[PDB]
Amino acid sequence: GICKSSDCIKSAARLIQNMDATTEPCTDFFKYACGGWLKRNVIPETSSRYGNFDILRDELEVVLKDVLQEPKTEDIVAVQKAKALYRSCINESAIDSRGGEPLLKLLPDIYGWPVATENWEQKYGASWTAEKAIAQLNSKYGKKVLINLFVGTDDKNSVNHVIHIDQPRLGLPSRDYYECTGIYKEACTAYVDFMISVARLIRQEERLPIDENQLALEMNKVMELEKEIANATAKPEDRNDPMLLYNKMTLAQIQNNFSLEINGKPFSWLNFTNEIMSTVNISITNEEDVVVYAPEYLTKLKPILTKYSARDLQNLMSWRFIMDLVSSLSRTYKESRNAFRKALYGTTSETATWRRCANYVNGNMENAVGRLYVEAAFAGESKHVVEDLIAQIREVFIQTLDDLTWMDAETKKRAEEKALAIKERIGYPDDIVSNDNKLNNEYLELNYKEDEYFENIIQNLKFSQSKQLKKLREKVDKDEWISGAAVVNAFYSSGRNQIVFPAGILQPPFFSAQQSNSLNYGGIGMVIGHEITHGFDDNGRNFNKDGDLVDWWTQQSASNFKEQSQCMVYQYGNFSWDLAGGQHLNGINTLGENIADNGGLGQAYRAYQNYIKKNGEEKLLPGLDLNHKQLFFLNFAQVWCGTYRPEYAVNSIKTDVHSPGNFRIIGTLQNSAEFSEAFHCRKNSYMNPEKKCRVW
C-alpha cells in the first residue's frame, strides 16, 4: 500500500531532504520539518531571506525571463510592449551611457534638489508653494511626501471611490529606525551617507563646486526634519482598528481642523486637492468628502513644518523621489545605494538585472505578463480542483461557527452570511488569454522606446497615477482582479469580500493534482483557510458581506473575540527572535496574520479529516515512515523552511504584518491539539503547551 509513482517519489524526496529526523517533533517541529534544508542551504548574497517559499518566487522569475526575452511573430501588441519594456530594462550598456542625464533633465519638474542646485532660492523659490511641490510629486510621479493624498475605495461604501488623507511612508523601513541608536545606527549612518553620495554625484555631473561640510550639513538637516516627521506618524498598533481610523470629513472641515503654515504661507487643502485632481480634469469644492486616516499626524505636523524653510522641505521631498530612481541610472548611481541596501537588507549585491526587470514588467503589465506566464506554466484544468478545495474549506468554516461558545446566535448567523458571500478568483482572469483586443486596449496609451529605460519608467509612473486618480468619480469595477496571475501569493480583499488564488501559488508544495491530498490540504488548503479567515480577523470582521465597514457584531460577541484574540497577542509577543537581536515579535501588528494562520490550519486539517472519512486513507509515501495526518503537518511546516539575514530580521520584525516563518510554524502548531495527537506530544513539551489560543 505504498504509492510508487514519479510524482510520489518527488514529493517524498523533497520532504525527506528538508527534514531533520534526529530532532524530536514535539521539542521543535520547525527544526524537525526544516533542519535538513537549514543544514544544506546558505542565503544567497542577493537575498535578504531565503527558503522554500522565496525559491518558488525565484523560479517564477525564471519563467518570466523565458517568456519575455525572446520576440515571437504571434505576439499581440500588449505582449510586444511588455517585451520592449523588458529589453529597455536589461540594456545596461545604454543605461550606463546616459549617466545621470535622465535625472538631471527631470530635476526642474519637481522644483529641483536644492543641495545639488546652485542659487536654488532664485531659480524656484518664486514659484514654490508646498501645495504645488507636494502635489507635483504625487500626481505626476506617485511619490507621496509629507501628506499622502490618494484616491481609493470608500471603506463604508465599497462601490465608490473617495479621496483619503494619510501620513506618508518614510525613507527608512519604519519609524523605529529614526531612533538612530543600537541596531538602527548603521542604517541611519548609511541613509545620510547615501543622500550625500547622490548629492555629490549630481553636483559632479552638473560640474558644480563641492563643499563636503556643506553637503554633510544640508543632508543632516534632511535627516533631522525626517526624524520629526517619523516621530509625528502614528505607530501601526494605533492604526489596527479600521473603525477608529475612518474619519470622513469635507475639505471645508479639514481646512478648519487641520490647518498648516508652511514657509509663512497658510496651507490651502482645496488648492492642494485641485493641484492633484486637475491632472485628470476633475475640479474639487469644499463639499468634497475626504477620508482622513491620520488626523493626529496632521495636528503634530503643524508645529514641525513652521520650523523649516522651502529649501529644507524640498531637500527632503526631492531626496525621497531621487532615492527610488538612482537604481534606474548608470552603474555609478547604482553603487551609491550599496551600504544603504546592506544596512536594510544585508545583501552584498543587487539581484540579477533580468530578475529585477522581469519583476518590474510584471508589476506594470500584470495582465500581459500574466497571460505569458499561464500559457507557459499553468495547467488551467487544475482551476476546478482548487474550486472544490475552496468549497470544502468554506463549508468547514461555516460548520465551525456553531461550535463557537463565545459568539451569540445572531453574530453566528451574520458571520455565516459573510462566509457564504465570499467570491473566489482562481488562477487567472480568462479574458487575458481569450480577449487579445481588450488586453491591447488596456495598454493603448503606453509607448516605450527600447533605448530609453528611464523615460519608460517615468511614463509608467504618470500612467499609474493618472489611472488611479480618474477612478474618483467612477464605480469600483466588480470584475477587476486585485492581483496578476504570475504571483506567488494569495489574497483577501475586505472591500470586495473576495479571496484570490493566482496561478503562481497553485503549484508544489502548495498544490498539485498529482501530489497526495494530505500535502494539498496542508499546503493550499491551509492558504485557502488563511484567506477566508482574513474576512473574520481583527480587521476583516469589521467589514460586511458586501465589503462595507459596518459593525455586524453584538457588544458581547466583539468583547469575547478580543479576549480570545488577546491570547495570540501574548503568545506571539513572547517569541524572541535571535536574528533580530533577541527582540520580541510585535503581537499586536502580527495579530491579523496569526489569527488567519491559526484559523486556516484548523479549517484545512478538518477538511482533510472530512476527505479521509469520504474517500478513505491515501497510499503511503515511500522512504517516509509517517502517516498522512503527519505528512499534512510536515508539508504545512516545510512551506517555511528558510532563514533571514540579521539586517533583514531587524527590518521585517517592524515592517512585516506576518510573523517570521519559524514562528508561524511554532505558534500555530502549539495551539493545535490535533498536531499534538498526530505526533504524540507529551503535555507541556515545547510544541504542546497547556494553554492553547483559539479564535476560529
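Residue numbers here begin at 1 and follow the sequence given. The term rigid core refers to the maximal set of C-alpha atoms that superpose within 1.5 Å between the two forms.
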item: Higher-deviation stretch (C-alpha RMS, rigid core fit) in 6 other deposited structures of this protein, choosing from 189 to 197 and 119 to 127; value: 119 to 127
item: Between the two ranges 644 to 652 and 22 to 30, the one averaging a larger CA B factor in the entry; value: 22 to 30
item: Between the two ranges 312 to 320 and 274 to 282, the one averaging a larger CA B factor in the entry; value: 274 to 282
item: Residue, from 375, 154, 335, 226, that the PDB entry assigns the highest Cα B-factor; value: 154
item: Residue with maximal Cα B-factor (values as given in the PDB entry) among 532, 344, 433, 401; value: 401
item: B-factor third for the C-alpha atom of residue 484 within its chain; value: lowest
item: Residue 491 by Cα B-factor - lowest, middle or highest third of the modelled chain; value: lowest
item: Entry-reported Cα temperature factor of residue 412, expressed as the chain third it lands in; value: highest
item: Modelled-residue ranking by C-alpha temperature factor, third containing residue 212; value: highest
item: CA B-factor placement of residue 615, once the chain's modelled residues are sorted into thirds; value: highest
